[PDB]
């Protein structure tokens, strides 16, 4: 097993098309998350809707159709091949920012302004597992539309956006949803990789694996040889070890954050390096 030899600020978020700005631990360190993107086992098994490339993250493709009140999209995979409602929660790469309006910028797969902004609510017609969503738009999109999540806003007036939530993929879900990630306790806290992103009335989107970690694991198909992988976070200029982290086989990273601090207090240009396989209860030196 190796992990990407790339500084953290050159790594992409796995839940929005953005670069990682910093690490942090959650304010409540017992908080459970269930992100559907950025999910991959160390052996290279993709989970949820997680795609391989950073340029598949939080994108939507589909064909415009007429609904009772206006338009909708009959979803396809991002490469234009048919989506089928099967085991995945949604087409691969489908956004997983829950409980908010989405604003998705698409183009028809030209003359004049080729872009349409699809304004999508997560209400009853939001059925991505089934393969359809509805939208309103100030433009007039038709046919095969491909696009990217541009920004998010509250579902109802005066409310707030919580990007730590995931969507409900619909009533047909019974489905390979990626499972919740539980803090393993004993002082350990899940490490979240944060990105600037336009969240209106939120300002940063968390994910649990940088996207290049996901493609690294998929590519490598490495055997898991211990209960956790001990990583060092290294200053790439001085080559000094800045802190210890554990990478778990189910595909998330923890640290023991110093009280009143944590990995948010580390420089954001360090490189993760695999050090050794360790047992499940290997005790980390606190960080930050």
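Positions refer to the first chain, counted from 1. Rigid core (definition): largest C-alpha set, two forms, superposition within 1.5 Å.
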| request: Name the stretch that deviates more in 5 other deposited structures of this protein: 119 to 127, or 96 to 104? Use RMS CA distance to the shown form, core superposed. | output: 119 to 127
| residue 150 dropped from a third or more of the other entries of this protein | no
| field | Absent coordinates for residue 187 in a third or more of other compared entries | value | no
| Which fits the stretch between residue 174 and residue 175: none, 1 to 3, 4 to 9, or 10 or more deposited residues lacking coordinates? | 1 to 3
| task | Would you mind checking whether any residues of the deposited sequence sit unmodelled between residue 202 and residue 203, and how many (none, 1 to 3, 4 to 9, 10 or more)? | result | 1 to 3
| message | Mean CA temperature factor from the deposited coordinates, higher in 128 to 136 or in 175 to 183? | response | 175 to 183
| message | Please compare 67 to 75 with 212 to 220 and say which has the higher mean C-alpha temperature factor in the record. | response | 67 to 75
| request: Could you check 207, 150, 115, 109 and tell me which one carries the biggest Cα B-factor in the deposited entry? | output: 109
| query | Which of these, 86, 197, 164, 192, has its C-alpha atom at the highest B-factor, as the entry lists it? | reply | 86
| request: Among all modelled residues of this chain, ranked by Cα B factor, put residue 170 in the bottom, middle or top third, i.e. lowest, middle or highest. | output: highest
| task | Grab the CA temperature factor for residue 18 from the record and place it in the lowest, middle or highest third of its chain. | result | lowest
| task | Using the B-factors in the PDB entry, rank residue 12's C-alpha atom against the chain and give the third, lowest, middle or highest. | result | lowest
| Once the chain's modelled residues are ordered by C-alpha B factor and cut into thirds, is residue 82 in the lowest, middle or highest one? | lowest
| Record-listed C-alpha B factor of residue 156: chain third | highest
